[PDB]
Amino acid sequence: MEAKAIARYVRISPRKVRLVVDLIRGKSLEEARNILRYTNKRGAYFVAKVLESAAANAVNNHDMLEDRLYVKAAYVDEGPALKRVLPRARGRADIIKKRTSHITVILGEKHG
Amino acid sequence: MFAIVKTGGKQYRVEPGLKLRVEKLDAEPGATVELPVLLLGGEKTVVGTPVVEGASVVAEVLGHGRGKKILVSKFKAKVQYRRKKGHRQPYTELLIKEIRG
Amino acid sequence: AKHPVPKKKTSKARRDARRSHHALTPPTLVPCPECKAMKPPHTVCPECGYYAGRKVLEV
Amino acid sequence: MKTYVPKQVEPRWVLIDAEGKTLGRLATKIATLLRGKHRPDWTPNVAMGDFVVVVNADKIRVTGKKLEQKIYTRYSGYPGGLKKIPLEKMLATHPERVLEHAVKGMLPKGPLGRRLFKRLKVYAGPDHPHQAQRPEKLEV
Amino acid sequence: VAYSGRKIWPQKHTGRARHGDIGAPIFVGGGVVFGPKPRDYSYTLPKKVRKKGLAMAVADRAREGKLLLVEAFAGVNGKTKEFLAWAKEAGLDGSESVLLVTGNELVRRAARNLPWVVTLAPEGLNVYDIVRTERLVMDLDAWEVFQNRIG
Amino acid sequence: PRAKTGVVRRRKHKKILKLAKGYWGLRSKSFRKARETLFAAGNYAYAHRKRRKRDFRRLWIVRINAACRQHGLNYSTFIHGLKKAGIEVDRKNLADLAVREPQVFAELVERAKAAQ
RNA sequence: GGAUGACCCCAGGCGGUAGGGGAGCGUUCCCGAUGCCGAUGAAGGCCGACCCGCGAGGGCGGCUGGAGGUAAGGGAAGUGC
RNA sequence: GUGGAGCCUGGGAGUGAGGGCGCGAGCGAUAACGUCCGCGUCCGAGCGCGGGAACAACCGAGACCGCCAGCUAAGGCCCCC
RNA sequence: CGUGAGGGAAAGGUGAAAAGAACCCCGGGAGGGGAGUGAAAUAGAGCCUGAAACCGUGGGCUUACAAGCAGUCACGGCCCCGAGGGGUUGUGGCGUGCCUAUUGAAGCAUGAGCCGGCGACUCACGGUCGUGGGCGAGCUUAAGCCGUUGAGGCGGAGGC
Ligand SMILES: [Mg+2]
Ligand SMILES: [Mg+2]
Ligand SMILES: [Mg+2]
Ligand SMILES: [Mg+2]
Ligand SMILES: [Mg+2]
Ligand SMILES: [Mg+2]
Ligand SMILES: [Mg+2]
Ligand SMILES: [Mg+2]
Ligand SMILES: [Mg+2]
Ligand SMILES: [Mg+2]
Ligand SMILES: [Mg+2]
Ligand SMILES: [Mg+2]
Ligand SMILES: [Mg+2]
Ligand SMILES: [Mg+2]
Ligand SMILES: [Mg+2]
Ligand SMILES: [Mg+2]
Ligand SMILES: [Mg+2]
Ligand SMILES: [Mg+2]
Ligand SMILES: [Mg+2]
Ligand SMILES: [Mg+2]
Ligand SMILES: [Mg+2]
Ligand SMILES: [Mg+2]
Ligand SMILES: [Mg+2]
Ligand SMILES: [Mg+2]
Ligand SMILES: [Mg+2]
Ligand SMILES: [Mg+2]
Ligand SMILES: [Mg+2]
Ligand SMILES: [Mg+2]
Ligand SMILES: [Mg+2]
Ligand SMILES: [Mg+2]
Ligand SMILES: [Mg+2]
Ligand SMILES: [Mg+2]
Ligand SMILES: [Mg+2]
Ligand SMILES: [Mg+2]
Ligand SMILES: [Mg+2]
Ligand SMILES: [Mg+2]
Ligand SMILES: [Mg+2]
Ligand SMILES: [Mg+2]
Ligand SMILES: [Mg+2]
Ligand SMILES: [Mg+2]
Ligand SMILES: [Mg+2]
Ligand SMILES: [Mg+2]
Ligand SMILES: [Mg+2]
Ligand SMILES: [Mg+2]
Ligand SMILES: [Mg+2]
Ligand SMILES: [Mg+2]
Ligand SMILES: [Mg+2]
Ligand SMILES: [Mg+2]
Ligand SMILES: [Mg+2]
Ligand SMILES: [Mg+2]
Ligand SMILES: [Mg+2]
Ligand SMILES: [Mg+2]
Ligand SMILES: [Mg+2]
Ligand SMILES: [Mg+2]
Ligand SMILES: [Mg+2]
Ligand SMILES: [Mg+2]
Ligand SMILES: [Mg+2]
Ligand SMILES: [Mg+2]
Ligand SMILES: [Mg+2]
Ligand SMILES: [Mg+2]
Ligand SMILES: [Mg+2]
Ligand SMILES: [Mg+2]
Ligand SMILES: [Mg+2]
Ligand SMILES: [Mg+2]
Ligand SMILES: [Mg+2]
Ligand SMILES: [Mg+2]
Ligand SMILES: [Mg+2]
Ligand SMILES: [Mg+2]
Ligand SMILES: [Mg+2]
Ligand SMILES: [Mg+2]
Ligand SMILES: [Mg+2]
Ligand SMILES: [Mg+2]
Ligand SMILES: [Mg+2]
Ligand SMILES: [Mg+2]
Ligand SMILES: [Mg+2]
Ligand SMILES: [Mg+2]
Ligand SMILES: [Mg+2]
Ligand SMILES: [Mg+2]
Ligand SMILES: [Mg+2]
Ligand SMILES: [Mg+2]
Ligand SMILES: [Mg+2]
Ligand SMILES: [Mg+2]
Ligand SMILES: [Mg+2]
Ligand SMILES: [Mg+2]
Ligand SMILES: [Mg+2]
Ligand SMILES: [Mg+2]
Ligand SMILES: [Mg+2]
Ligand SMILES: [Mg+2]
Ligand SMILES: [Mg+2]
Ligand SMILES: [Mg+2]
Ligand SMILES: [Mg+2]
Ligand SMILES: [Mg+2]
Ligand SMILES: [Mg+2]
Ligand SMILES: [Mg+2]
Ligand SMILES: [Mg+2]
Ligand SMILES: [Mg+2]
Ligand SMILES: [Mg+2]
Ligand SMILES: [Mg+2]
Ligand SMILES: [Mg+2]
Ligand SMILES: [Mg+2]
Ligand SMILES: [Mg+2]
Ligand SMILES: [Mg+2]
Ligand SMILES: [Mg+2]
Ligand SMILES: [Mg+2]
Ligand SMILES: [Mg+2]
Ligand SMILES: [Mg+2]
Ligand SMILES: [Mg+2]
Ligand SMILES: [Mg+2]
Ligand SMILES: [Mg+2]
Ligand SMILES: [Mg+2]
Ligand SMILES: [Mg+2]
Ligand SMILES: [Mg+2]
Ligand SMILES: [Mg+2]
Ligand SMILES: [Mg+2]
Ligand SMILES: [Mg+2]
Ligand SMILES: [Mg+2]
Ligand SMILES: [Mg+2]
Ligand SMILES: [Mg+2]
Ligand SMILES: [Mg+2]
Ligand SMILES: [Mg+2]
Ligand SMILES: [Mg+2]
Ligand SMILES: [Mg+2]
Ligand SMILES: [Mg+2]
Ligand SMILES: [Mg+2]
Ligand SMILES: [Mg+2]
Ligand SMILES: [Mg+2]
Ligand SMILES: [Mg+2]
Ligand SMILES: [Mg+2]
Ligand SMILES: [Mg+2]
Ligand SMILES: [Mg+2]
Ligand SMILES: [Mg+2]
Ligand SMILES: [Mg+2]
Ligand SMILES: [Mg+2]
Ligand SMILES: [Mg+2]
Ligand SMILES: [Mg+2]
Ligand SMILES: [Mg+2]
Ligand SMILES: [Mg+2]
Ligand SMILES: [Mg+2]
Ligand SMILES: [Mg+2]
Ligand SMILES: [Mg+2]
Ligand SMILES: [Mg+2]
Ligand SMILES: [Mg+2]
Ligand SMILES: [Mg+2]
Ligand SMILES: [Mg+2]
Ligand SMILES: [Mg+2]
Ligand SMILES: [Mg+2]
Ligand SMILES: [Mg+2]
Ligand SMILES: [Mg+2]
Ligand SMILES: [Mg+2]
Ligand SMILES: [Mg+2]
Ligand SMILES: [Mg+2]
Ligand SMILES: [Mg+2]
Ligand SMILES: [Mg+2]
Ligand SMILES: [Mg+2]
Ligand SMILES: [Mg+2]
Ligand SMILES: [Mg+2]
Ligand SMILES: [Mg+2]
Ligand SMILES: [Mg+2]
Ligand SMILES: [Mg+2]
Ligand SMILES: [Mg+2]
Ligand SMILES: [Mg+2]
Ligand SMILES: [Mg+2]
Ligand SMILES: [Mg+2]
Ligand SMILES: [Mg+2]
Ligand SMILES: [Mg+2]
Ligand SMILES: [Mg+2]
Ligand SMILES: [Mg+2]
Ligand SMILES: [Mg+2]
Ligand SMILES: [Mg+2]
Ligand SMILES: [Mg+2]
Ligand SMILES: [Zn+2]
């Protein structure tokens, strides 16, 4: 049995969040909660919301138990980029990509 | 008992019970052929000079086939020369029946 | 200067090998001896306001 | 019929008294033994030669004026860093290096040849520590 | 094409490839090289060939037994079921396609809607239609004009 | 009528790409690099099936030579003696004999010394 | 040889840039077609260590797809990166 | 002397920057990886193969495909090989 | 975009039907998870198909004494599907990218970041040869006219 949550179109760059996601892959729900809580990265606010949402789904829709939950899989895919103009010297216009993430957390139960 | 036989410009060490692919022989599937013997070894040793007069190896042809395709490709740089050929070498499958020493 | 510039595109292999040092180390945490909540060592506990066995702070 | 390939074999240890032998003419034989080419099941992509122990390397011989004129060479990578050390001096300081260096150049370059060279065990003076191996003495 | 003739950017020193106008066929949106233009595919095939051709085609059906001449068409007075009756009686069950040639308008109307029937006036007899169909059926009056045309 | 590229080019590229399975980086990933890699690959294969014929015979010879010297002669002598004796067993076979069948190999050695 | 490009047999030629010549493959469209294949699944996509072909290619199978496709023989080109 | 010989009529070209080497000269300095002719060759187009450490034109030799068979060529046969 | 004359884009498709997802759950929201609709929901509106480059998670094999146009030939190890095949690659052998231009390029000479799509020998009229047919001291019609409405015929002026 598995419970999942996907946060789509989060306005933060995939490479930045993955770094935070990698910190909790395989951890117990409790450990992951601590880690995010004292991870000094913006990404942590977002991963924490997907975790907690998956956890809720586990308990409320899928008949799993909070105390047995662990991050079975987590990954960050890239959404569509926001393209923005960054004006440079000499008439040049650069294009900044303000990138976008779809964050997935999947919880399982660590039985016995 | 083993024999060293010669078929298809090539030489093989055969023992009875052996299946062997050789160059294509002109003999119906199910036929039986006599291969020449160049050397017999095992219990007794007899040495052809080059073949041994009395001996022959008896083979039943199980069938004839085509080898898995080998692509033969040719390329020369800077000259737009390219060639691609598919090659399947024909062969015969033999079961080695007996060594008539 | 004369505007140096990459000579070849970096391979996926190379790029990712540069990143072999990029993994975050998780926050170091110890239990608060008063309320058992996990926290950074050497900090006043933000769950209960306790540090050095006493109440330091309203939380 | 495919050509025979040997399964792993137990390597044979061998012992050679270098005393009075001609450096180069000994080295070629040591090389053959290390490649394993005296063996009828020689296979070029596995180490399956002998381990070779040599003793009395300090008593190797050399013809002509080579003790004075043969120069060994080492490059450090630094400006002016080419050291030239002559046979005489090399024998007087690291005698086992003379045979070692000659055999090394007669082994293949590559991962295997490097490994083959580790199977050579050269000693100045009559003794060696490979008693446990009970190396078979060879006249060559 | 609709674009202007301005050279889009200077010949040299831009770091880009040289171009002229964006109508050039090398641009998405540009013109097409050697595309089709309005055309006349017709040509005057020799008259004798058409003639010899007509005749051979009718000849070919004749040699097969598939050419049938008829005097008149019974009761066919412009109704499909009428032609259908007559046809059955004439050996045309509709298992074989028929090029029906007659000047009787009343007969063409009756037969035209049948999937297996192509109708023509005799002035229209032509080899594609004969060759497209399995059986050739003609009025004598039709057969008469065809004989005058292959003369 | 118009005949747009359509389906045709993707299909040629997949063909080549599929042959390039296994190659490093863009060599299995980019049609262009794959195709380059393949030109080289086909020529090597051709060249190398030629030299496999040589690679093996060199091996047979090193093996025969080892087996000869156990009986006190060299490869060159052994081959001349075989010739003179009229023995035509080839080196692929002489080699299998030398390893799998020492008694037979010995006898051929004998005929070879004797034949000179 | 047999009569005819049916296939067998013997022999010989077969490195190639510019370039000449020959034979084919595939794309879009037309006749074939008021037909035929098709929801028991069109085209298209993704796989395949299978079959045919020297090759370009063509089959066949599984998955995807969900409404089209189109033979033998011919015809015509916005036809192959 | 039956050869991818020759000759005749016609269709289609491409080429009209060559280069190394050997021999014969001129020019140059009995210089040049020089230059300019002649006869030949090879590379060009044989940057396919063996030898020459490596190397278009030096030596060996003209690659239709396959073989875990045999004989040689130049060059080699102490080890690398 | 340009003072202006003037330049001048991109951008189509849920489903048969909105039945366009009530209500609950996490969340500030966005987003998701259930529930529900539908033949189908990786048809959920950022909607048919959904290739490729590109980014990731999971697994098999492999890699920290090794020298490399990245392959190829050989053998052996491991993993997989079941005298065989497939994947992987340790060691050994061999090995100077593609295209262009050149006497000659791996060349330290040009061009190309990669991928998809667009992208260059045609058409008319005349000519010249060849070729498939028709007629042959003859061959052939043009414009037009009649017919048809994807039907053909007439038309001899004229041309060779
Ligand atoms: Mg931190
Ligand atoms: Mg909860
Ligand atoms: Mg400004
Ligand atoms: Mg950029
Ligand atoms: Mg950017
Ligand atoms: Mg065969
Ligand atoms: Mg074979
Ligand atoms: Mg090239
Ligand atoms: Mg090359
Ligand atoms: Mg080229
Ligand atoms: Mg060239
Ligand atoms: Mg080429
Ligand atoms: Mg400067
Ligand atoms: Mg600088
Ligand atoms: Mg400055
Ligand atoms: Mg700079
Ligand atoms: Mg640079
Ligand atoms: Mg990259
Ligand atoms: Mg990666
Ligand atoms: Mg790097
Ligand atoms: Mg504590
Ligand atoms: Mg020895
Ligand atoms: Mg070898
Ligand atoms: Mg020392
Ligand atoms: Mg080497
Ligand atoms: Mg305009
Ligand atoms: Mg215009
Ligand atoms: Mg306009
Ligand atoms: Mg203009
Ligand atoms: Mg203008
Ligand atoms: Mg202008
Ligand atoms: Mg310029
Ligand atoms: Mg640039
Ligand atoms: Mg440009
Ligand atoms: Mg540019
Ligand atoms: Mg320009
Ligand atoms: Mg232009
Ligand atoms: Mg212009
Ligand atoms: Mg324009
Ligand atoms: Mg247009
Ligand atoms: Mg347009
Ligand atoms: Mg165009
Ligand atoms: Mg044009
Ligand atoms: Mg144009
Ligand atoms: Mg045109
Ligand atoms: Mg018109
Ligand atoms: Mg025309
Ligand atoms: Mg006309
Ligand atoms: Mg009808
Ligand atoms: Mg019909
Ligand atoms: Mg179309
Ligand atoms: Mg195109
Ligand atoms: Mg297209
Ligand atoms: Mg395509
Ligand atoms: Mg292509
Ligand atoms: Mg495709
Ligand atoms: Mg294709
Ligand atoms: Mg690989
Ligand atoms: Mg790759
Ligand atoms: Mg890559
Ligand atoms: Mg890729
Ligand atoms: Mg290829
Ligand atoms: Mg080959
Ligand atoms: Mg070769
Ligand atoms: Mg000896
Ligand atoms: Mg001989
Ligand atoms: Mg022999
Ligand atoms: Mg040719
Ligand atoms: Mg021809
Ligand atoms: Mg042609
Ligand atoms: Mg066909
Ligand atoms: Mg095509
Ligand atoms: Mg075609
Ligand atoms: Mg059309
Ligand atoms: Mg129709
Ligand atoms: Mg239809
Ligand atoms: Mg049906
Ligand atoms: Mg259905
Ligand atoms: Mg289906
Ligand atoms: Mg199609
Ligand atoms: Mg289509
Ligand atoms: Mg296919
Ligand atoms: Mg399909
Ligand atoms: Mg329809
Ligand atoms: Mg069709
Ligand atoms: Mg057709
Ligand atoms: Mg037709
Ligand atoms: Mg075009
Ligand atoms: Mg002739
Ligand atoms: Mg000729
Ligand atoms: Mg000629
Ligand atoms: Mg032409
Ligand atoms: Mg010209
Ligand atoms: Mg020219
Ligand atoms: Mg000129
Ligand atoms: Mg000139
Ligand atoms: Mg010149
Ligand atoms: Mg010349
Ligand atoms: Mg000249
Ligand atoms: Mg030179
Ligand atoms: Mg000359
Ligand atoms: Mg001379
Ligand atoms: Mg001279
Ligand atoms: Mg002169
Ligand atoms: Mg001088
Ligand atoms: Mg010169
Ligand atoms: Mg000179
Ligand atoms: Mg001179
Ligand atoms: Mg010359
Ligand atoms: Mg040239
Ligand atoms: Mg040559
Ligand atoms: Mg030549
Ligand atoms: Mg070449
Ligand atoms: Mg050479
Ligand atoms: Mg060489
Ligand atoms: Mg060499
Ligand atoms: Mg050469
Ligand atoms: Mg030839
Ligand atoms: Mg020999
Ligand atoms: Mg010689
Ligand atoms: Mg040598
Ligand atoms: Mg060495
Ligand atoms: Mg202005
Ligand atoms: Mg304005
Ligand atoms: Mg303008
Ligand atoms: Mg545009
Ligand atoms: Mg719709
Ligand atoms: Mg609609
Ligand atoms: Mg429907
Ligand atoms: Mg809320
Ligand atoms: Mg919502
Ligand atoms: Mg959720
Ligand atoms: Mg929902
Ligand atoms: Mg339902
Ligand atoms: Mg259904
Ligand atoms: Mg789907
Ligand atoms: Mg769908
Ligand atoms: Mg989209
Ligand atoms: Mg649809
Ligand atoms: Mg879609
Ligand atoms: Mg999609
Ligand atoms: Mg994809
Ligand atoms: Mg992975
Ligand atoms: Mg080392
Ligand atoms: Mg290692
Ligand atoms: Mg290798
Ligand atoms: Mg081997
Ligand atoms: Mg395997
Ligand atoms: Mg393997
Ligand atoms: Mg080479
Ligand atoms: Mg290279
Ligand atoms: Mg080179
Ligand atoms: Mg290319
Ligand atoms: Mg270029
Ligand atoms: Mg140039
Ligand atoms: Mg130049
Ligand atoms: Mg130049
Ligand atoms: Mg290079
Ligand atoms: Mg370079
Ligand atoms: Mg330059
Ligand atoms: Mg370059
Ligand atoms: Mg230039
Ligand atoms: Mg660029
Ligand atoms: Mg790329
Ligand atoms: Mg493209
Ligand atoms: Mg033309
Ligand atoms: Mg013409
Ligand atoms: Mg004509
Ligand atoms: Mg005519
Ligand atoms: Mg005229
Ligand atoms: Zn506390």
# chains A, B, ... in the order shown; residues from 1 in each chain; ligands from 1
call {"tool": "residues_near_ligand", "arguments": {"ligand": "ligand 74", "cutoff": "8 Å", "atoms": "only C-alpha atoms (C1' of nucleotides) and all ligand atoms", "output": "PyMOL selection string"}}
result
(chain F and resi 1) or (chain G and resi 29-30)
call {"tool": "residues_around", "arguments": {"residues": "segment 34-47 of chain F", "least_positions_apart": "3", "cutoff": "8 Å", "atoms": "only C-alpha atoms (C1' of nucleotides)", "output": "JSON, numbers by chain"}}
result
{"B": [71, 72, 73, 74, 75], "F": [16, 17, 19, 20, 23, 26, 27, 28, 29, 30, 31, 50, 51], "I": [71, 72, 73, 95, 97, 98]}
call {"tool": "select_by_dssp", "arguments": {"residues": "chain B", "states": "strand (DSSP E or B)", "output": "number ranges by chain"}}
result
B: 2-7, 10-14, 19-23, 32-35, 37-41, 46-47, 56-66, 70-76, 81-87, 90-100
call {"tool": "interface_residues", "arguments": {"of": "chain B", "to": "chain F", "cutoff": "10 Å", "atoms": "only C-alpha atoms", "output": "short mmCIF file (atom, residue, chain, number, x, y, z; two decimals) with N, CA, C and O atoms, in the first residue's frame"}}
result
data_model
loop_
_atom_site.label_atom_id
_atom_site.label_comp_id
_atom_site.auth_asym_id
_atom_site.auth_seq_id
_atom_site.Cartn_x
_atom_site.Cartn_y
_atom_site.Cartn_z
N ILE B 4 40.33 -36.46 -36.67
CA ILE B 4 40.44 -35.14 -37.23
C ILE B 4 40.05 -35.28 -38.68
O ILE B 4 40.79 -35.88 -39.46
N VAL B 5 38.88 -34.75 -39.05
CA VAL B 5 38.36 -34.84 -40.42
C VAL B 5 38.53 -33.54 -41.14
O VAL B 5 38.75 -32.54 -40.52
N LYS B 6 38.47 -33.56 -42.46
CA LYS B 6 38.58 -32.36 -43.28
C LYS B 6 37.38 -32.23 -44.18
O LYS B 6 37.15 -33.09 -45.04
N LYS B 10 38.50 -26.89 -44.29
CA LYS B 10 38.78 -26.76 -42.87
C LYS B 10 38.81 -28.11 -42.16
O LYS B 10 38.30 -29.09 -42.67
N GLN B 11 39.40 -28.15 -40.98
CA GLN B 11 39.58 -29.39 -40.26
C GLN B 11 38.92 -29.41 -38.92
O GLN B 11 39.02 -28.46 -38.17
N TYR B 12 38.35 -30.52 -38.56
CA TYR B 12 37.65 -30.58 -37.30
C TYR B 12 37.98 -31.82 -36.50
O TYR B 12 38.31 -32.83 -37.04
N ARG B 13 37.90 -31.69 -35.19
CA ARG B 13 38.04 -32.79 -34.28
C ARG B 13 36.65 -33.25 -33.97
O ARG B 13 35.90 -32.49 -33.34
N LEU B 38 42.21 -37.44 -41.19
CA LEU B 38 43.62 -37.10 -41.26
C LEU B 38 44.38 -37.68 -40.10
O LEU B 38 45.57 -37.87 -40.17
N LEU B 39 43.68 -37.99 -39.03
CA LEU B 39 44.32 -38.49 -37.82
C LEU B 39 43.25 -39.14 -36.92
O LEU B 39 42.10 -38.67 -36.86
N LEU B 40 43.60 -40.27 -36.30
CA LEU B 40 42.71 -40.92 -35.35
C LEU B 40 43.51 -40.96 -34.10
O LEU B 40 44.71 -41.13 -34.16
N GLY B 41 42.85 -40.77 -32.97
CA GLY B 41 43.51 -40.71 -31.69
C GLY B 41 42.48 -41.15 -30.68
O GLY B 41 41.30 -41.22 -31.01
N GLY B 42 42.93 -41.38 -29.44
CA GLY B 42 42.11 -41.91 -28.36
C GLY B 42 42.74 -43.18 -27.81
O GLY B 42 43.74 -43.11 -27.07
N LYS B 44 43.88 -46.07 -29.85
CA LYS B 44 45.03 -46.22 -30.77
C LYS B 44 45.31 -44.88 -31.49
O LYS B 44 44.40 -44.06 -31.69
N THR B 45 46.55 -44.67 -31.91
CA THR B 45 46.85 -43.48 -32.70
C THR B 45 47.31 -43.81 -34.12
O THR B 45 48.38 -44.39 -34.34
N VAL B 46 46.49 -43.45 -35.09
CA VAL B 46 46.93 -43.55 -36.44
C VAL B 46 46.92 -42.16 -37.12
O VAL B 46 46.00 -41.37 -36.98
N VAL B 47 48.02 -41.89 -37.84
CA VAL B 47 48.44 -40.59 -38.35
C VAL B 47 48.46 -40.55 -39.86
O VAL B 47 49.33 -41.13 -40.49
N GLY B 48 47.54 -39.81 -40.46
CA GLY B 48 47.47 -39.71 -41.90
C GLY B 48 48.68 -38.99 -42.43
O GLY B 48 49.33 -38.28 -41.71
N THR B 49 48.98 -39.24 -43.70
CA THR B 49 50.20 -38.82 -44.37
C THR B 49 49.87 -38.51 -45.81
O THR B 49 50.55 -38.92 -46.75
N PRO B 50 48.86 -37.67 -46.03
CA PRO B 50 48.02 -36.86 -45.16
C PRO B 50 46.70 -37.50 -44.68
O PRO B 50 46.22 -37.13 -43.61
N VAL B 51 46.08 -38.38 -45.46
CA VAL B 51 44.84 -39.00 -44.97
C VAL B 51 45.12 -40.46 -44.62
O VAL B 51 46.07 -41.00 -45.14
N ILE B 70 25.54 -11.05 -40.89
CA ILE B 70 26.63 -10.16 -40.59
C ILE B 70 26.51 -8.98 -41.56
O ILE B 70 26.43 -9.18 -42.77
N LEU B 71 26.52 -7.75 -41.05
CA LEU B 71 26.49 -6.59 -41.90
C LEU B 71 27.90 -6.26 -42.32
O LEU B 71 28.80 -6.07 -41.49
N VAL B 72 28.12 -6.17 -43.62
CA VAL B 72 29.43 -5.80 -44.11
C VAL B 72 29.34 -4.42 -44.67
O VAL B 72 28.67 -4.17 -45.64
N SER B 73 30.02 -3.50 -44.01
CA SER B 73 29.82 -2.09 -44.30
C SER B 73 31.13 -1.47 -44.78
O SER B 73 32.20 -1.82 -44.34
N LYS B 74 31.08 -0.59 -45.75
CA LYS B 74 32.32 0.01 -46.18
C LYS B 74 32.13 1.51 -46.20
O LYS B 74 31.05 1.99 -46.59
N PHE B 75 33.16 2.24 -45.78
CA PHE B 75 33.06 3.69 -45.71
C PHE B 75 34.42 4.24 -46.02
O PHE B 75 35.38 3.79 -45.43
N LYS B 76 34.48 5.25 -46.88
CA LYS B 76 35.73 6.00 -47.07
C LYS B 76 35.41 7.46 -46.86
O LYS B 76 34.57 8.02 -47.55
N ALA B 77 36.12 8.10 -45.96
CA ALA B 77 35.91 9.47 -45.57
C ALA B 77 36.11 10.39 -46.74
O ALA B 77 36.92 10.12 -47.57
N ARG B 82 30.03 4.84 -49.55
CA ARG B 82 29.40 4.07 -48.51
C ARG B 82 28.74 2.86 -49.12
O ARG B 82 28.17 2.95 -50.19
N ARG B 83 28.91 1.70 -48.51
CA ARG B 83 28.29 0.49 -49.00
C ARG B 83 27.86 -0.33 -47.82
O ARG B 83 28.54 -0.35 -46.78
N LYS B 84 26.69 -0.94 -47.94
CA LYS B 84 26.15 -1.74 -46.89
C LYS B 84 25.68 -3.05 -47.48
O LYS B 84 24.89 -3.03 -48.43
#
call {"tool": "residues_near_ligand", "arguments": {"ligand": "ligand 109", "cutoff": "9 Å", "atoms": "only C-alpha atoms (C1' of nucleotides) and all ligand atoms", "output": "number ranges by chain"}}
result
H: 19-21, 40-42
call {"tool": "write_last_selection", "arguments": {"atoms": "C-alpha atoms (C1' of nucleotides)", "output": "PDB file, in the first residue's frame"}}
result
ATOM      1  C1'   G H  19      51.681  16.253 -56.607  1.00  0.00           C
ATOM      2  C1'   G H  20      55.806  12.864 -54.918  1.00  0.00           C
ATOM      3  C1'   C H  21      59.512   9.643 -56.936  1.00  0.00           C
ATOM      4  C1'   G H  40      57.985   6.453 -66.799  1.00  0.00           C
ATOM      5  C1'   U H  41      55.525   5.514 -62.324  1.00  0.00           C
ATOM      6  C1'   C H  42      52.531   5.858 -58.189  1.00  0.00           C
TER       7        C H  42
END
call {"tool": "residues_near_ligand", "arguments": {"ligand": "ligand 157", "cutoff": "10 Å", "atoms": "only C-alpha atoms (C1' of nucleotides) and all ligand atoms", "output": "PyMOL selection string"}}
result
(chain H and resi 17) or (chain I and resi 101-104+109)
call {"tool": "interface_residues", "arguments": {"of": "chain I", "to": "chain E", "cutoff": "7 Å", "atoms": "only C-alpha atoms (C1' of nucleotides)", "output": "PyMOL selection string"}}
result
chain I and resi 118-119+122+134+151-152
call {"tool": "residues_near_ligand", "arguments": {"ligand": "ligand 65", "cutoff": "12 Å", "atoms": "only C-alpha atoms (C1' of nucleotides) and all ligand atoms", "output": "ChimeraX atom specification"}}
result
/D:38,140 /F:65-78
call {"tool": "select_by_dssp", "arguments": {"residues": "segment 64-146 of chain E", "states": "helix (DSSP H, G or I)", "output": "VMD selection string"}}
result
chain E and resid 80 to 90 105 to 111 122 to 124 127 to 132 140 to 146
call {"tool": "residues_near_ligand", "arguments": {"ligand": "ligand 49", "cutoff": "6 Å", "atoms": "only C-alpha atoms (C1' of nucleotides) and all ligand atoms", "output": "PyMOL selection string"}}
result
chain E and resi 112-118
call {"tool": "atom_distance", "arguments": {"atom1": "atom CA of residue 51 of chain D", "atom2": "atom CA of residue 34 of chain D"}}
result
6.7 Å
call {"tool": "closest_residue", "arguments": {"among": "B:91, B:21, B:52, B:7", "to": "chain I", "atoms": "only C-alpha atoms (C1' of nucleotides)"}}
result
B:21
call {"tool": "residues_near_ligand", "arguments": {"ligand": "ligand 77", "cutoff": "12 Å", "atoms": "only C-alpha atoms (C1' of nucleotides) and all ligand atoms", "output": "ChimeraX atom specification"}}
result
/G:36-41
call {"tool": "interface_residues", "arguments": {"of": "chain G", "to": "chain E", "cutoff": "9 Å", "atoms": "only C-alpha atoms (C1' of nucleotides)", "output": "number ranges by chain"}}
result
G: 32, 34, 77-78
call {"tool": "write_last_selection", "arguments": {"atoms": "C-alpha atoms (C1' of nucleotides)", "output": "PDB file, in the first residue's frame"}}
result
ATOM      1  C1'   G G  32      -8.230   0.501 -59.848  1.00  0.00           C
ATOM      2  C1'   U G  34     -20.613   2.631 -55.245  1.00  0.00           C
ATOM      3  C1'   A G  77       5.101  14.942 -58.535  1.00  0.00           C
ATOM      4  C1'   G G  78       6.063  20.598 -53.741  1.00  0.00           C
TER       5        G G  78
END
call {"tool": "residues_near_ligand", "arguments": {"ligand": "ligand 39", "cutoff": "7 Å", "atoms": "only C-alpha atoms (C1' of nucleotides) and all ligand atoms", "output": "ChimeraX atom specification"}}
result
/E:1-5,21-24
call {"tool": "atom_distance", "arguments": {"atom1": "atom CA of residue 108 of chain A", "atom2": "atom CA of residue 72 of chain A"}}
result
5.4 Å
call {"tool": "residues_near_ligand", "arguments": {"ligand": "ligand 33", "cutoff": "10 Å", "atoms": "only C-alpha atoms (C1' of nucleotides) and all ligand atoms", "output": "VMD selection string"}}
result
chain E and resid 14 to 17
call {"tool": "closest_residue", "arguments": {"among": "B:69, B:57, B:28, B:34", "to": "chain H", "atoms": "only C-alpha atoms (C1' of nucleotides)"}}
result
B:69
